[PDB]
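Participant: The following block contains the structure, expressed as structure tokens.
Neighbour counts are summed over all protein chains in view; Cβ atoms, including those assigned to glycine, are modelled from backbone coordinates with ideal geometry. What follows is calculated from the coordinates using simple rules that are stated; it is not laboratory data.
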Amino acid sequence: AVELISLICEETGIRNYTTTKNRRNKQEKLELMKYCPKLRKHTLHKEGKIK
Amino acid sequence: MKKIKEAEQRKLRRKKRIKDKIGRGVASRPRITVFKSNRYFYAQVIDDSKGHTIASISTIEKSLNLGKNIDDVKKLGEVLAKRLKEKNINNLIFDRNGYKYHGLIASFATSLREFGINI
Amino acid sequence: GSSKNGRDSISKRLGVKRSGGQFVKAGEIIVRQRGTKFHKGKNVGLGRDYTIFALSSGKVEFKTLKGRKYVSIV
Amino acid sequence: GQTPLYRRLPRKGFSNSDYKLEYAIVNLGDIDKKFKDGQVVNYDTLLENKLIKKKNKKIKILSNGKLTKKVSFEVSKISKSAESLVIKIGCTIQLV
Amino acid sequence: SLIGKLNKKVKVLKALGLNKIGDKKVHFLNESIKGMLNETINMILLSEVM
RNA sequence: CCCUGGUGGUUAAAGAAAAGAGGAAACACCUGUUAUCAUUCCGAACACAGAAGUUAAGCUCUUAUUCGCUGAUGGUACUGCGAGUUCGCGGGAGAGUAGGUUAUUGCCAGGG
RNA sequence: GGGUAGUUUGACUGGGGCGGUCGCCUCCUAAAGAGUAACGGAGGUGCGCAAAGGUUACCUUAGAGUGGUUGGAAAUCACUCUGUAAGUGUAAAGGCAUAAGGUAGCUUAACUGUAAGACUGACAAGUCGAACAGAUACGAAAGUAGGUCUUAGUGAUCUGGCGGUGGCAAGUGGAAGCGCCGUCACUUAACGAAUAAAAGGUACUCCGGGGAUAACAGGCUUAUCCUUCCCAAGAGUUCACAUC
RNA sequence: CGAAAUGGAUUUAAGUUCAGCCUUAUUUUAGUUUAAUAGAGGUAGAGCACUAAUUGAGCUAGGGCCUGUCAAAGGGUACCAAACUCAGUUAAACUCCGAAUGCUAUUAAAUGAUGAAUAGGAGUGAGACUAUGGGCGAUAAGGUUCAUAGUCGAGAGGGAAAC
């Protein structure tokens with residue numbers, strides 16, 4: 001009941017990070033302030049698919 | 001009895017944790033500690049490489065004749081800054097010494113800050 | 001009726017790596033341990049798994065205070 | 001029967017042979033030791049003076065050793081340090 | 001002899017300088033030599049050099 | 001220098017309980033919640049505003065060692081080694097017992 | 001579709017087979033560095049958590065005794081003694097009063113490029129790490145934060161898929177495809193994995209070898225078996241030993 | 001000049017590979033044994049403060065029985081017994097304490113190619129016994145499997161009648 005999700009930089013769309021998240025516990029759309037190395041600046045990353 | 005004893009014990013535990021969180025003071029950047037009695041207000045600057053009080057101040061000092069209010073500790077911090085500058089120390093580490101950084105301590109610290117002391 | 005058990009992990013090689021009085025340089029590992037069997041004194045640091053390491057060159061020393069052992073670099 | 005080392009480790013990529021631009025290195029120290037002023041250091045003279053072999057015809061000039069003699073160059077590539085030193089000594093450079 | 005004795009004691013005797021039976025060596029008694037002699041007292045004969 | 005308060009070093013209970021002594025200064029208790037603050041409720045703690053009062057408590061000093069802690073000298077257990085064998089040499093407990101222990105000290109401020 | 005052909009069907013094992021087991025973690029065995037076997041003796045495990053993470057600030061149980069509507073031995077509250085035996089997602093050990101325990105606020109460092117110097121180690125691997133640059137989070141600041149108190153929660157290479165970058169482009173220019181960066185899909189659990197794809201019998205058997213390995217005997221031991229002995233509560237009318 | 005029968009891994013267990021061990025050559029110079037001094041243990045032992053086992057007394061809840069007992073409020077306690085006190089014991093997976101050795105660092109002596117690095121070339125990866133510390137077995141086995149040292153292995157000679 002745990003899936004591998006990918007955190008995507010909002011303003012570039014690059015899949016910068018991958019992480020684990022438990023489905024059937026929140027089924028929300030996890031957002032995380034992560035550092036986007038393309039921009040040398042922190043920004044918002046959203047949950048998304050892997051494949 | 002036990003209640004006063006446990007209040008003391010809690011104060012000591014807080015003091016000890018604060019001390020090893022901030023670390024020890026060195027002659028370049030010594031440590032400023034405070035003590036808040038029911039009547040007065042004390043501050044000491046300590047170099048732990050020697051265990052020596054480089055400078056100190058308190059409201060007992062008659063010449064200052066300050067009170068025990070925010071205003072008074074503002075002026076007292078001003079006096080402490082001018083006393084330390086002539087001994088050319090500008091970096092200090094602020095040991096809140098078992099108190100909560102708020103009110104009187106906040107005003108004291110900010111007063112040391114507006115006059116070129118790095119705390 | 002065979003044996004219900006017989007299962008052992010790999011030995012982790014803990015213990016003191018540099019003996020008291022030895023000369024170490026910066027970054028040396030001094031103790032490997034689970035938990036603060038030895039606590040940190042002057043000029044040493046503690047890793048995330050309670051490893052003891054030397055922040056500067058010097059000579060290792062162990063002290064005892066209230067029954068707890070402290071490691072330092074002097 | 002243990003998996004060999006060349007099968008535990010991974011690979012890294014192609015070799016890019018069949019598309020290399022391969023060609024001879026000649027150094028400033030060599031030119032200083034072998035030549036003199038005024039002639040054209042080029043394919044023909046380096047070949048006859050035995051600094052390269054006439055299999056390769058795309059020489060590059062590198063900057064080991066020091067060069068003191070004003071010369072003319074007709075080469076295919078040149079390092080920045082070497083052409084700076086050679087212009088400073090006062091030679092001339094044509095890239096062919 | 002050195003045959004069959006303990007490894008530590010063979011090392012001590014070779015550190016004193018004796019390899020065979022009938023070996024003769026003069027040594028100046030300080031703490032080190034005294035400790036070695038005490039270790040290997042049962043295999044040596046000590047005479048004194050006037 | 002000393003008393004008190006604050007701050008370091010030296011780690012052996014530098015421990016708690018019971019009884020007595022004081023309180024000038026200092027410290028603490030104590031006053032009010034109304035100002036910023038805190039409480040999974042409660043000026044209790046903390047926070048802020050002040051000095052009417054006190055040794056009752058905390059604290060300091062003096063106490064029988066009442067509880068704890070520490071600890072001899074010997075002896076024993078155990079141990080290294082030995083062509084001495086229940087021995088020869090070297091090292092030597094724990095426990096118990098005779099005892100001991102309610103610290104000491106560097107430097108900042110107030111004034112005796 | 002055994003009509004027919006080519007092959008597979010493991011090893012450890014106090015012979016073999018049956019049975020059981022194969023990764024990793026905790027303790028003892030382990031003889032006071034480390035290391036150290038067994039089909040030795042005991043447990044857990046192929047996760048969970050967007051908080052049970054990070055930071056700041058503020059706090060301490062369990063048990064005994066006593067007093068209280070339900071409330072009794074025990075639910076909640078007050079106090080005395082006790083001072084961590086309580087509690088630390090999950091096994092156990094080592095640790096945790098400055099609490100790593102508990103509560104509350106803010107927040108995403110559950111970062112990027114990196115790294116002096118090391119431990120452990122056949123190798124391949126694994127682990128700690130001051131400090132530097134960028135971007136932050138928290139705090140007044142010093143500082144802390146490169147997940148979880150630490151120690152298990154895991155799987156190489158090859159192949160394939162997705163995204164980004166735009167290096168390679170077989171005359172040239174495009175393109176296919178590939179390299180590079182990010183990353184997914186193996187109870188490959190026989191867990192350093194021989195194939196992408198695999199069960200039995202041979203007492204009709206055969207070959208190459210082994211006392212490195214069983215069955216009949218030799219040798220060792222005596223659990224077992226057998227033959228004695230030591231003590232005598234009793235039986236034997238009374239009389240331990242006529243006898244048992 | 002001079003081994004190994006060890007460790008790691010393996011469709012491995014009679015194989016093979018890496019390390020360790022050995023040799024040749026070059027380069028390099030500090031093994032190892034003490035003494036002094038300075039370090040970390042939990043082993044033997046010891047012990048009951050902690051986790052457990054457990055003996056005789058003192059003391060005492062609670063439960064049962066009996067007794068003017070309705071199943072209310074009462075008493076006697078021959079007992080079953082928590083907790084507590086005194087005394088005396090058990091523990092590889094209990095330790096309030098803790099050696100002797102060993103391990104590690106420094107210095108001074110002592111011993112003379114025993115160390116380390118590189119290059120070339122192997123072999124070994126079946127051990128056995130004795131003196132000790134062990135586990136398993138039955139404080140049985142020339143038994144099995146570990147740790148220290150020696151011997152044989154690869155060692156002639158003397159002695160233990162042969163061995």
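Participant: State yes or no: is D:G29 away from chain C (no Cβ under 14 Å), among the small types (G, A, S), closer than 17 Å to D:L85 by Cα and assigned to a loop (DSSP other than H, G, I, E, B)?
Facilitator: no
Participant: Looking at the structure I just gave you, is B:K2 within 16 Å of RNA strand G (Cβ to nearest atom) and farther than 17 Å from B:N97 by Cβ?
Facilitator: yes
Participant: Something else: Against the definition (part of a loop (DSSP other than H, G, I, E, B) and more than 13 Å from D:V26 (Cβ to Cβ)), how does D:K88 come out, yes or no?
Facilitator: No.
Participant: Further, regarding this structure: Go through segment C:45-59 and give me each residue that's within 14 Å of chain B (Cβ to nearest Cβ) and not in a loop (DSSP other than H, G, I, E, B).
Facilitator: Correct list: C:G45, C:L46.
Participant: List pairs: first in segment D:36-61 and without any contact (Cβ under 8 Å) to a residue 60 or more places away in the chain and away from every other protein chain (no Cβ under 14 Å), second among the charged types (D, E, K, R) and in a strand (DSSP E or B), Cβ under 8 Å, 6+ apart or cross-chain?
Facilitator: Within 8 Å, the pairs are D:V40/D:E74; D:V41/D:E74; D:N42/D:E74; D:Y43/D:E74; D:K58/D:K77; D:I59/D:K77; D:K60/D:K77; D:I61/D:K77.
Participant: Right, next: Against the definition (away from RNA strand G (no atom under 16 Å from the Cβ), more than 14 Å from chain C (Cβ to nearest Cβ) and without any contact (Cβ under 8 Å) to a residue 60 or more places away in the chain), how does B:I117 come out, yes or no?
Facilitator: Judged against the criteria, B:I117 is not a match.
Participant: Condition first: out of contact with any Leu (no Cβ under 9 Å at 6 or more places or on another chain) and assigned to a strand (DSSP E or B). Now tell me which residues in segment B:81-119 satisfy that.
Facilitator: The answer is B:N91, B:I93, B:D95.
Participant: Output the number of residues of segment C:32-74 satisfying the condition of being in contact (Cβ under 8 Å) with a residue 12 or more places away in the chain, within 22 Å of B:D20 (Cα to Cα) and within 12 Å of RNA strand H (Cβ to nearest atom).
Facilitator: 16
Participant: To continue, here is another question. I'm trying to understand the selection: among the residues of segment B:51-74, which are buried (at least 16 other Cβ atoms within 10 Å of the Cβ) and assigned to a helix (DSSP H, G or I)?
Facilitator: Within segment B:51-74, B:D72, B:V73, B:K74 qualify.
Matching residues to (1) of a type outside the set (A, V, I, L, M, F, W, C); (2) free of Cβ contacts under 8 Å to residues at least 12 places away in the same chain:
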| site | (1), (2) |
| --- | --- |
| A:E3 | yes, no |
| A:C9 | no, no |
| A:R15 | yes, no |
| A:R24 | yes, no |
| A:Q27 | yes, yes |
| A:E31 | yes, no |
| A:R40 | yes, yes |
| A:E47 | yes, no |
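Participant: Still on this structure, please answer the following. For segment C:1-31, which positions are over 17 Å from C:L55 (Cβ atoms) and either within 14 Å of chain B (Cβ to nearest Cβ) or not in a loop (DSSP other than H, G, I, E, B) (or both)?
Facilitator: Once the filter is applied, which keeps residues that are over 17 Å from C:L55 (Cβ atoms) and either within 14 Å of chain B (Cβ to nearest Cβ) or not in a loop (DSSP other than H, G, I, E, B) (or both), segment C:1-31 yields C:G15, C:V16.
Participant: Among the listed residues E:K9, E:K14, identify the single one that is under 10 Å from the mean Cα position of the chain (by Cα) and either in contact (Cβ under 8 Å) with a residue 60 or more places away in the chain or within 6 Å of RNA strand H (Cβ to nearest atom) (or both).
Facilitator: The unique qualifying residue is E:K14.
Participant: Given the criteria aliphatic (A, V, I, L, M), surrounded by 13 or more Cβ atoms within 10 Å (Cβ to Cβ) and more than 11 Å from the chain's Cα centre (by Cα), does C:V31 qualify?
Facilitator: No: the conditions fail for C:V31.
Participant: Moving to a separate point now. Checking B:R29 against (1) surrounded by 11 or more Cβ atoms within 10 Å (Cβ to Cβ); (2) assigned to a helix (DSSP H, G or I); (3) out of contact with any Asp or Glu (no Cβ under 7 Å at 6 or more places or on another chain): exactly one of these is not met. Which one?
Facilitator: (2)
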